[PDB]
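Have a look at data_28.cif below; it lists mmCIF, C-alpha atoms.
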```
data_upload
loop_
_atom_site.group_PDB
_atom_site.id
_atom_site.type_symbol
_atom_site.label_atom_id
_atom_site.label_comp_id
_atom_site.auth_asym_id
_atom_site.auth_seq_id
_atom_site.Cartn_x
_atom_site.Cartn_y
_atom_site.Cartn_z
ATOM 1 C CA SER A 408 0.000 0.000 0.000
ATOM 2 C CA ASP A 409 2.748 2.464 0.988
ATOM 3 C CA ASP A 410 4.812 1.245 -1.986
ATOM 4 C CA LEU A 411 4.721 3.520 -5.041
ATOM 5 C CA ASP A 412 5.243 2.401 -8.637
ATOM 6 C CA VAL A 413 7.012 5.350 -10.290
ATOM 7 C CA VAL A 414 7.759 3.565 -13.616
ATOM 8 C CA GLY A 415 4.750 1.491 -14.678
ATOM 9 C CA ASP A 416 0.977 1.217 -14.346
ATOM 10 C CA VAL B 31 18.401 -4.534 -1.088
ATOM 11 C CA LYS B 32 21.361 -2.076 -1.057
ATOM 12 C CA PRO B 33 23.358 -0.836 -4.065
ATOM 13 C CA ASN B 34 27.173 -0.771 -4.022
ATOM 14 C CA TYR B 35 28.237 2.118 -6.232
ATOM 15 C CA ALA B 36 32.029 2.500 -6.451
ATOM 16 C CA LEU B 37 34.170 5.139 -8.179
ATOM 17 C CA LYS B 38 35.338 4.115 -11.660
ATOM 18 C CA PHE B 39 36.415 7.340 -13.383
ATOM 19 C CA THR B 40 37.183 10.957 -12.521
ATOM 20 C CA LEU B 41 36.749 13.477 -15.329
ATOM 21 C CA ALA B 42 38.746 16.723 -15.119
ATOM 22 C CA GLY B 43 38.741 19.590 -17.616
ATOM 23 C CA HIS B 44 36.394 22.381 -16.577
ATOM 24 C CA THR B 45 38.267 25.379 -15.147
ATOM 25 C CA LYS B 46 35.332 26.674 -13.067
ATOM 26 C CA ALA B 47 32.513 25.106 -11.044
ATOM 27 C CA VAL B 48 30.506 22.470 -12.907
ATOM 28 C CA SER B 49 26.758 23.240 -12.951
ATOM 29 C CA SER B 50 25.050 20.216 -14.549
ATOM 30 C CA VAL B 51 25.726 16.697 -15.902
ATOM 31 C CA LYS B 52 23.316 14.670 -18.099
ATOM 32 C CA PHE B 53 23.491 11.282 -19.846
ATOM 33 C CA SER B 54 22.348 11.191 -23.472
ATOM 34 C CA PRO B 55 19.149 9.152 -23.935
ATOM 35 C CA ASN B 56 21.026 6.633 -26.145
ATOM 36 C CA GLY B 57 23.438 5.962 -23.215
ATOM 37 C CA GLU B 58 26.623 6.756 -25.166
ATOM 38 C CA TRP B 59 27.516 10.220 -23.839
ATOM 39 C CA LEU B 60 27.689 12.454 -20.796
ATOM 40 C CA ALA B 61 27.262 16.218 -21.266
ATOM 41 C CA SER B 62 28.508 18.725 -18.677
ATOM 42 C CA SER B 63 27.977 22.478 -18.307
ATOM 43 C CA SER B 64 30.048 24.908 -16.236
ATOM 44 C CA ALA B 65 30.549 28.466 -15.032
ATOM 45 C CA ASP B 66 33.560 28.402 -17.437
ATOM 46 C CA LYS B 67 31.047 29.020 -20.270
ATOM 47 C CA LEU B 68 31.682 25.592 -21.839
ATOM 48 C CA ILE B 69 29.800 22.401 -22.495
ATOM 49 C CA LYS B 70 31.969 19.284 -22.512
ATOM 50 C CA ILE B 71 31.091 15.862 -23.944
ATOM 51 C CA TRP B 72 32.474 12.664 -22.392
ATOM 52 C CA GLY B 73 32.143 8.925 -23.023
ATOM 53 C CA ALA B 74 29.444 7.583 -20.682
ATOM 54 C CA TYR B 75 31.093 4.201 -20.069
ATOM 55 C CA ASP B 76 34.827 5.095 -20.059
ATOM 56 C CA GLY B 77 34.720 8.825 -19.153
ATOM 57 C CA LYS B 78 36.962 9.643 -22.136
ATOM 58 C CA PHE B 79 36.921 13.343 -23.092
ATOM 59 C CA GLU B 80 35.158 13.788 -26.442
ATOM 60 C CA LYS B 81 34.796 17.503 -27.252
ATOM 61 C CA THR B 82 34.190 21.046 -26.019
ATOM 62 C CA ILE B 83 31.330 23.256 -27.250
ATOM 63 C CA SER B 84 31.463 27.030 -26.745
ATOM 64 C CA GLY B 85 29.613 30.228 -27.638
ATOM 65 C CA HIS B 86 27.802 31.552 -24.555
ATOM 66 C CA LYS B 87 29.005 34.968 -23.349
ATOM 67 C CA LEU B 88 28.617 34.117 -19.658
ATOM 68 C CA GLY B 89 28.570 30.836 -17.695
ATOM 69 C CA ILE B 90 26.013 28.027 -17.967
ATOM 70 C CA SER B 91 23.617 26.755 -15.250
ATOM 71 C CA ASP B 92 21.972 23.825 -17.106
ATOM 72 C CA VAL B 93 22.250 21.673 -20.234
ATOM 73 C CA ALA B 94 19.820 19.083 -21.647
ATOM 74 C CA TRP B 95 19.644 16.488 -24.428
ATOM 75 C CA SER B 96 17.099 16.018 -27.191
ATOM 76 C CA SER B 97 15.326 12.637 -27.253
ATOM 77 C CA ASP B 98 17.359 11.471 -30.283
ATOM 78 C CA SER B 99 20.663 12.425 -28.534
ATOM 79 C CA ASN B 100 21.607 14.746 -31.447
ATOM 80 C CA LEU B 101 20.980 18.169 -29.881
ATOM 81 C CA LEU B 102 21.675 19.976 -26.629
ATOM 82 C CA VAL B 103 20.073 23.065 -25.126
ATOM 83 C CA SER B 104 21.958 25.220 -22.619
ATOM 84 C CA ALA B 105 20.803 27.883 -20.137
ATOM 85 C CA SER B 106 23.160 30.807 -19.388
ATOM 86 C CA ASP B 107 23.676 33.941 -17.304
ATOM 87 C CA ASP B 108 23.895 35.814 -20.635
ATOM 88 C CA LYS B 109 20.043 35.695 -20.583
ATOM 89 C CA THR B 110 19.845 33.268 -23.539
ATOM 90 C CA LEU B 111 19.511 29.627 -24.350
ATOM 91 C CA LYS B 112 21.419 28.057 -27.209
ATOM 92 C CA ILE B 113 20.514 24.969 -29.237
ATOM 93 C CA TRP B 114 23.541 22.939 -30.381
ATOM 94 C CA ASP B 115 24.161 20.263 -32.978
ATOM 95 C CA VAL B 116 26.419 17.967 -30.966
ATOM 96 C CA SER B 117 28.174 16.243 -33.892
ATOM 97 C CA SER B 118 29.081 19.488 -35.700
ATOM 98 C CA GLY B 119 29.355 21.720 -32.614
ATOM 99 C CA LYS B 120 27.244 24.365 -34.391
ATOM 100 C CA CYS B 121 24.963 26.684 -32.484
ATOM 101 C CA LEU B 122 21.719 26.191 -34.423
ATOM 102 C CA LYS B 123 19.666 28.873 -32.634
ATOM 103 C CA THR B 124 20.021 31.407 -29.845
ATOM 104 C CA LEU B 125 16.769 31.739 -27.901
ATOM 105 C CA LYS B 126 16.254 35.351 -26.785
ATOM 106 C CA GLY B 127 13.446 36.635 -24.562
ATOM 107 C CA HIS B 128 14.325 36.219 -20.895
ATOM 108 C CA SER B 129 15.298 39.434 -19.083
ATOM 109 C CA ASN B 130 17.565 37.775 -16.493
ATOM 110 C CA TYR B 131 19.725 34.649 -15.980
ATOM 111 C CA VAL B 132 18.339 31.489 -17.570
ATOM 112 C CA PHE B 133 18.616 28.790 -14.919
ATOM 113 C CA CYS B 134 16.987 25.571 -16.154
ATOM 114 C CA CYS B 135 15.933 23.921 -19.424
ATOM 115 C CA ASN B 136 14.511 20.733 -20.982
ATOM 116 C CA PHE B 137 13.238 19.363 -24.298
ATOM 117 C CA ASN B 138 9.798 17.755 -24.491
ATOM 118 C CA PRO B 139 9.815 14.013 -25.385
ATOM 119 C CA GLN B 140 8.998 14.814 -29.030
ATOM 120 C CA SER B 141 11.798 17.445 -28.844
ATOM 121 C CA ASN B 142 9.990 20.020 -31.007
ATOM 122 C CA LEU B 143 9.726 22.238 -27.916
ATOM 123 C CA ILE B 144 11.998 23.570 -25.209
ATOM 124 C CA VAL B 145 10.915 24.812 -21.783
ATOM 125 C CA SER B 146 13.027 27.222 -19.705
ATOM 126 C CA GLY B 147 12.974 28.868 -16.270
ATOM 127 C CA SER B 148 14.722 32.131 -15.425
ATOM 128 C CA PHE B 149 15.578 34.575 -12.618
ATOM 129 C CA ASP B 150 13.011 36.810 -14.378
ATOM 130 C CA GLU B 151 10.309 34.638 -12.684
ATOM 131 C CA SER B 152 8.864 33.353 -15.983
ATOM 132 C CA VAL B 153 8.662 30.008 -17.732
ATOM 133 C CA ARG B 154 9.078 30.159 -21.509
ATOM 134 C CA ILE B 155 8.106 27.626 -24.187
ATOM 135 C CA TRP B 156 10.172 27.742 -27.384
ATOM 136 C CA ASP B 157 9.839 26.258 -30.849
ATOM 137 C CA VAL B 158 13.008 24.220 -31.504
ATOM 138 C CA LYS B 159 12.841 24.468 -35.316
ATOM 139 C CA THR B 160 12.327 28.274 -35.493
ATOM 140 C CA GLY B 161 13.796 29.359 -32.127
ATOM 141 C CA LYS B 162 10.846 31.651 -31.408
ATOM 142 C CA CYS B 163 9.191 31.963 -28.013
ATOM 143 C CA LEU B 164 5.730 30.419 -28.307
ATOM 144 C CA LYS B 165 4.513 31.233 -24.775
ATOM 145 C CA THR B 166 5.648 33.199 -21.725
ATOM 146 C CA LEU B 167 4.001 32.000 -18.503
ATOM 147 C CA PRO B 168 3.883 34.350 -15.487
ATOM 148 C CA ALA B 169 4.741 31.261 -13.485
ATOM 149 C CA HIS B 170 6.172 32.429 -10.169
ATOM 150 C CA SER B 171 6.982 35.418 -7.944
ATOM 151 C CA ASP B 172 10.677 34.517 -7.514
ATOM 152 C CA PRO B 173 13.379 32.821 -9.614
ATOM 153 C CA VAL B 174 12.348 29.603 -11.397
ATOM 154 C CA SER B 175 14.695 26.803 -10.314
ATOM 155 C CA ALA B 176 13.536 23.892 -12.509
ATOM 156 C CA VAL B 177 11.269 23.012 -15.461
ATOM 157 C CA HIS B 178 10.325 19.559 -16.768
ATOM 158 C CA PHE B 179 7.914 17.939 -19.250
ATOM 159 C CA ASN B 180 5.928 14.802 -18.389
ATOM 160 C CA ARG B 181 6.156 11.570 -20.427
ATOM 161 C CA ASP B 182 3.805 12.689 -23.258
ATOM 162 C CA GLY B 183 4.750 16.402 -23.172
ATOM 163 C CA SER B 184 1.192 17.474 -22.261
ATOM 164 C CA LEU B 185 2.270 18.947 -18.896
ATOM 165 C CA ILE B 186 5.112 21.049 -17.531
ATOM 166 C CA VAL B 187 6.134 21.175 -13.887
ATOM 167 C CA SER B 188 7.990 24.261 -12.606
ATOM 168 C CA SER B 189 9.514 25.057 -9.207
ATOM 169 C CA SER B 190 10.592 28.327 -7.612
ATOM 170 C CA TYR B 191 12.106 30.057 -4.572
ATOM 171 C CA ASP B 192 8.577 31.352 -3.936
ATOM 172 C CA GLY B 193 7.906 27.921 -2.354
ATOM 173 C CA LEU B 194 5.590 26.652 -5.097
ATOM 174 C CA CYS B 195 5.530 23.822 -7.576
ATOM 175 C CA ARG B 196 3.115 24.482 -10.417
ATOM 176 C CA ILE B 197 1.744 22.245 -13.160
ATOM 177 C CA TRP B 198 1.048 23.790 -16.569
ATOM 178 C CA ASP B 199 -0.908 22.620 -19.617
ATOM 179 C CA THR B 200 1.633 22.787 -22.454
ATOM 180 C CA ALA B 201 -1.000 23.525 -25.125
ATOM 181 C CA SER B 202 -3.069 26.199 -23.324
ATOM 182 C CA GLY B 203 -0.454 27.586 -20.920
ATOM 183 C CA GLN B 204 -3.003 27.369 -18.087
ATOM 184 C CA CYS B 205 -1.877 26.712 -14.506
ATOM 185 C CA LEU B 206 -3.662 23.460 -13.604
ATOM 186 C CA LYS B 207 -2.274 22.943 -10.101
ATOM 187 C CA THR B 208 -0.253 24.619 -7.354
ATOM 188 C CA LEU B 209 1.312 22.284 -4.788
ATOM 189 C CA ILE B 210 1.320 23.660 -1.251
ATOM 190 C CA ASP B 211 2.506 21.718 1.798
ATOM 191 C CA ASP B 212 2.146 22.762 5.460
ATOM 192 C CA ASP B 213 5.327 24.813 5.095
ATOM 193 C CA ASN B 214 6.635 26.221 1.813
ATOM 194 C CA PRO B 215 10.427 26.787 1.883
ATOM 195 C CA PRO B 216 12.202 27.674 -1.394
ATOM 196 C CA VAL B 217 11.809 24.850 -3.946
ATOM 197 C CA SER B 218 15.189 24.221 -5.562
ATOM 198 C CA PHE B 219 14.392 21.388 -7.987
ATOM 199 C CA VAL B 220 11.426 19.461 -9.395
ATOM 200 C CA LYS B 221 10.696 16.689 -11.914
ATOM 201 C CA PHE B 222 8.006 14.159 -12.856
ATOM 202 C CA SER B 223 8.470 10.441 -12.290
ATOM 203 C CA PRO B 224 8.908 8.335 -15.463
ATOM 204 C CA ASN B 225 5.178 7.458 -15.547
ATOM 205 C CA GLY B 226 4.230 11.117 -14.912
ATOM 206 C CA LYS B 227 1.981 10.509 -11.891
ATOM 207 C CA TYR B 228 4.453 11.603 -9.185
ATOM 208 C CA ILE B 229 6.616 14.663 -8.652
ATOM 209 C CA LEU B 230 10.007 14.708 -6.915
ATOM 210 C CA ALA B 231 10.848 18.090 -5.362
ATOM 211 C CA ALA B 232 13.908 19.419 -3.504
ATOM 212 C CA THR B 233 13.581 22.235 -0.948
ATOM 213 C CA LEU B 234 16.267 24.393 0.679
ATOM 214 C CA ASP B 235 15.543 22.901 4.123
ATOM 215 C CA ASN B 236 17.486 19.649 3.583
ATOM 216 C CA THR B 237 14.410 17.784 2.327
ATOM 217 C CA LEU B 238 13.339 15.949 -0.824
ATOM 218 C CA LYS B 239 9.639 15.094 -1.236
ATOM 219 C CA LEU B 240 7.711 12.728 -3.514
ATOM 220 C CA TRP B 241 4.226 14.082 -4.343
ATOM 221 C CA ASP B 242 1.141 12.481 -5.888
ATOM 222 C CA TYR B 243 0.302 14.865 -8.778
ATOM 223 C CA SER B 244 -3.423 14.019 -9.076
ATOM 224 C CA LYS B 245 -4.239 13.968 -5.324
ATOM 225 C CA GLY B 246 -1.787 16.818 -4.685
ATOM 226 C CA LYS B 247 -0.272 15.445 -1.468
ATOM 227 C CA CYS B 248 3.251 14.586 -0.318
ATOM 228 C CA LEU B 249 3.685 10.824 0.187
ATOM 229 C CA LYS B 250 7.408 10.242 0.854
ATOM 230 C CA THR B 251 10.180 12.438 2.277
ATOM 231 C CA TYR B 252 13.957 11.873 2.126
ATOM 232 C CA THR B 253 16.446 13.540 4.508
ATOM 233 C CA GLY B 254 19.904 13.128 6.102
ATOM 234 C CA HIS B 255 21.722 15.199 3.457
ATOM 235 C CA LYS B 256 22.607 18.905 3.452
ATOM 236 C CA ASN B 257 20.826 21.318 1.098
ATOM 237 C CA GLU B 258 20.134 24.941 2.104
ATOM 238 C CA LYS B 259 22.163 27.042 -0.419
ATOM 239 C CA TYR B 260 22.239 25.492 -3.917
ATOM 240 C CA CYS B 261 19.795 24.140 -6.509
ATOM 241 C CA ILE B 262 20.972 20.534 -6.467
ATOM 242 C CA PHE B 263 19.462 18.087 -8.993
ATOM 243 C CA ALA B 264 17.708 14.872 -7.921
ATOM 244 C CA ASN B 265 17.068 11.613 -9.801
ATOM 245 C CA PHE B 266 15.016 8.469 -9.833
ATOM 246 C CA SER B 267 17.327 5.478 -10.275
ATOM 247 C CA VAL B 268 15.307 2.606 -11.787
ATOM 248 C CA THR B 269 17.711 0.405 -13.807
ATOM 249 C CA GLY B 270 18.423 -1.902 -10.838
ATOM 250 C CA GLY B 271 16.750 -1.290 -7.489
ATOM 251 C CA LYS B 272 14.490 1.728 -6.976
ATOM 252 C CA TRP B 273 16.560 4.580 -5.528
ATOM 253 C CA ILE B 274 16.490 8.334 -5.100
ATOM 254 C CA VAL B 275 19.835 10.015 -5.832
ATOM 255 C CA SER B 276 20.983 13.529 -4.886
ATOM 256 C CA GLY B 277 24.091 15.605 -4.342
ATOM 257 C CA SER B 278 24.677 17.347 -1.035
ATOM 258 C CA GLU B 279 26.492 20.357 0.409
ATOM 259 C CA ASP B 280 28.696 18.059 2.551
ATOM 260 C CA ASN B 281 30.474 16.859 -0.647
ATOM 261 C CA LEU B 282 28.684 13.472 -0.806
ATOM 262 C CA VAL B 283 26.297 11.708 -3.165
ATOM 263 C CA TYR B 284 23.295 10.441 -1.179
ATOM 264 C CA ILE B 285 21.265 7.413 -2.279
ATOM 265 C CA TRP B 286 17.931 6.531 -0.617
ATOM 266 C CA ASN B 287 15.676 3.509 -0.825
ATOM 267 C CA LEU B 288 12.729 4.991 -2.730
ATOM 268 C CA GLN B 289 10.178 2.974 -0.726
ATOM 269 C CA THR B 290 11.558 2.835 2.849
ATOM 270 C CA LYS B 291 13.203 6.302 2.701
ATOM 271 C CA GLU B 292 16.407 4.974 4.322
ATOM 272 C CA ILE B 293 19.833 6.172 3.197
ATOM 273 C CA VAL B 294 21.424 3.141 1.524
ATOM 274 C CA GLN B 295 24.668 4.746 0.273
ATOM 275 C CA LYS B 296 26.835 7.843 0.675
ATOM 276 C CA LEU B 297 29.533 8.196 -1.993
ATOM 277 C CA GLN B 298 32.792 9.835 -0.891
ATOM 278 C CA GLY B 299 35.367 11.413 -3.222
ATOM 279 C CA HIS B 300 34.313 14.963 -4.159
ATOM 280 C CA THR B 301 35.968 17.900 -2.364
ATOM 281 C CA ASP B 302 33.225 20.519 -2.805
ATOM 282 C CA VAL B 303 29.421 20.640 -2.949
ATOM 283 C CA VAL B 304 27.914 18.042 -5.291
ATOM 284 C CA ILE B 305 25.602 20.204 -7.417
ATOM 285 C CA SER B 306 24.476 17.628 -9.976
ATOM 286 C CA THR B 307 23.915 13.908 -10.388
ATOM 287 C CA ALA B 308 22.512 11.873 -13.276
ATOM 288 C CA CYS B 309 21.557 8.212 -13.656
ATOM 289 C CA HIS B 310 22.402 6.254 -16.847
ATOM 290 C CA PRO B 311 19.287 5.199 -18.860
ATOM 291 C CA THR B 312 19.994 1.428 -19.043
ATOM 292 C CA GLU B 313 23.028 0.683 -16.819
ATOM 293 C CA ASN B 314 23.501 1.113 -13.077
ATOM 294 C CA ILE B 315 25.803 4.113 -13.501
ATOM 295 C CA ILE B 316 25.789 7.485 -11.727
ATOM 296 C CA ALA B 317 27.537 10.687 -12.808
ATOM 297 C CA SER B 318 28.248 13.391 -10.211
ATOM 298 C CA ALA B 319 29.731 16.888 -10.447
ATOM 299 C CA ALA B 320 31.083 19.390 -7.947
ATOM 300 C CA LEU B 321 31.493 23.149 -7.477
ATOM 301 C CA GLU B 322 34.471 25.588 -7.646
ATOM 302 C CA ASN B 323 36.916 24.032 -5.151
ATOM 303 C CA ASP B 324 36.660 20.603 -6.852
ATOM 304 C CA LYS B 325 35.531 21.043 -10.503
ATOM 305 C CA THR B 326 35.681 17.305 -11.340
ATOM 306 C CA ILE B 327 33.017 14.938 -12.597
ATOM 307 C CA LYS B 328 32.849 11.354 -11.315
ATOM 308 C CA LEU B 329 31.381 8.146 -12.736
ATOM 309 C CA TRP B 330 30.246 5.469 -10.262
ATOM 310 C CA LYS B 331 29.072 1.903 -11.032
ATOM 311 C CA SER B 332 27.054 -0.682 -9.067
ATOM 312 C CA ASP B 333 25.705 -4.223 -9.461
ATOM 313 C CA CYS B 334 22.098 -3.245 -8.635
ATOM 314 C CA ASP C 585 37.663 36.026 -15.793
ATOM 315 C CA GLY C 586 34.580 38.101 -14.806
ATOM 316 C CA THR C 587 32.463 36.489 -17.540
ATOM 317 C CA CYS C 588 32.892 33.000 -16.033
ATOM 318 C CA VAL C 589 29.783 33.174 -13.859
ATOM 319 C CA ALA C 590 26.653 31.007 -13.555
ATOM 320 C CA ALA C 591 23.720 31.429 -11.147
ATOM 321 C CA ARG C 592 23.463 27.753 -10.147
ATOM 322 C CA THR C 593 27.083 27.735 -8.867
ATOM 323 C CA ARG C 594 26.498 30.716 -6.523
ATOM 324 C CA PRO C 595 24.746 30.307 -3.146
ATOM 325 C CA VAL C 596 21.383 31.986 -2.384
#
```

Translate the structure described by the file into structure tokens.
Amino acid sequence: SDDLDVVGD
Amino acid sequence: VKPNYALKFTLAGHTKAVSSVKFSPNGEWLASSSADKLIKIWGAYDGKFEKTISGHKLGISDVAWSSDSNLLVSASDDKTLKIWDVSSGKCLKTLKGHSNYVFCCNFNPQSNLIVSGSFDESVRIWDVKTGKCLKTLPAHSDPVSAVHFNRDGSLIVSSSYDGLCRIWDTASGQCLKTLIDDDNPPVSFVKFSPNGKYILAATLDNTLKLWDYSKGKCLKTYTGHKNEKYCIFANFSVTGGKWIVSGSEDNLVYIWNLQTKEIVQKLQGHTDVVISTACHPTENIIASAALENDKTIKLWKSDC
Amino acid sequence: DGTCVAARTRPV
């Protein structure tokens, strides 16, 4: 949840 | 879980403080700009000096590559930007309009446009082909420290000593969003994440912040470094593990775990403030550059 | 000389 995907999605 | 960057090459040649370093998108070259009024080109993998490009009348604060790696744009105290053909060394256009030092610059992904920020408190959008100013945005009420396009070029993010980050529609020039935290110290750098949905911002209170653009809130904060006096660049490192990279006024390169916010590495070797860092597009390689008392550029390599 | 100056390399 606190993880952020800065490249994909 | 931790990277292990180690010094591989030191690149000496500038005779004044270095201001910016950038890897070409094709991964072959490093470009550097300096207060000595020169751009220098270096081999990205071996650090081998390639060439010098000159023409500005005063020193340079930023330089940036076109998407095809064939052009550069530079931002100078002489109140102009210049577009360069790297292979020939020719100055293709001089972009005139700003009424004070030009501080930051970038191409859009398509590279038909250039965006710039200046001490004159404006953001300008230029046509690359003609060199004419297409738009002047009354963006801020203090010097503009950084400007960046998002992945499709539809948006521009700008930052300023006025404490604001603003998001602009490239086509209309309209201000779509102003990011305001609980405190608003001078913002010294800003850029979009690769996917365009987050914004990484440096402030002159020793703090980097990762914002959600659409919700307009700060999610992550990175500290432990020193940054109160200079506009130091920051990067996402995404070729191996997910890191945040920044220079620091204690002469070190700081690397954070993007997710946990813990310092994972501090790279020692520079003898003055580290003003600029860049991350190589495909390989786990960092370039760093230092100010007047050092003047060298360093290339560091890691296994993840 | 005096022309070798750039805003980013000077402190605020």

At most 6 Å to chain B: residues in chain C, all atoms listed in the file, as an NGL selection string: :C and (587-590 or 592 or 595-596)

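One finds atom CA of residue B:236 at 24.3 Å from atom CA of residue B:169.
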
Resolved residues for the PyMOL selection byres ((chain B) within 7 of (chain A)) as a ChimeraX atom specification: /B:223-225,228,289

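Using all atoms listed in the file, the smallest distance between any of B:138, B:100, B:323, B:130 and residue C:591 comes from B:130.
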
Selection dump of the PyMOL selection byres ((chain B and resi 112) around 7), as JSON, numbers by chain: {"B": [103, 104, 110, 111, 113, 114, 121, 123, 124, 125]}

Contacts of residue B:167 within 8 Å, only C-alpha atoms, excl. fewer than 6 positions in-chain, as a short mmCIF file (atom, residue, chain, number, x, y, z; two decimals) with C-alpha atoms, in the coordinates of the input:
```cif
data_model
loop_
_atom_site.label_atom_id
_atom_site.label_comp_id
_atom_site.auth_asym_id
_atom_site.auth_seq_id
_atom_site.Cartn_x
_atom_site.Cartn_y
_atom_site.Cartn_z
CA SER B 152 8.86 33.35 -15.98
CA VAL B 153 8.66 30.01 -17.73
CA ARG B 154 9.08 30.16 -21.51
CA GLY B 203 -0.45 27.59 -20.92
#
```
